[PDB]
């Protein structure tokens, strides 16, 4: 589908509210495999299970290994911009 930009608002006591799979070392993108009900990704409205995360806050995740993506994603705070695509 089309590449989309999505805004998520996270408070500091919360995580993003997603599970991710994949990573460059596995030859698969960083994919959203779960969205937790009531947590920030669900509340933002614009993210879906099956979305590939292409970037977050301008940081490219297309070529990142699984744990690299975990570190980068967990570091983001507050108003967080995602670039995503559903294939």
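Numbering follows the first chain given and starts at 1.
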Check: Out of 79, 14, 68, 25, which one has a C-alpha B factor higher than all the others in the entry?
Finding: 25
Next item on the list: Could you look up the Cα B-factor of residue 55 in the entry and say which third of the chain it sits in: lowest, middle or highest?
Entry: middle
Check: Taking the C-alpha B-factors as the PDB entry records them, is residue 84 in the lowest, middle or highest third of its chain?
Finding: middle
Next item on the list: State the tercile, meaning the lowest, middle or highest third, of residue 47 with respect to the CA B-factors recorded for its chain.
Entry: highest
Note to self: Based on the deposited C-alpha B factors for this chain, I'd like to know if residue 35 is in the lowest, middle or highest third.
What the structure shows: highest
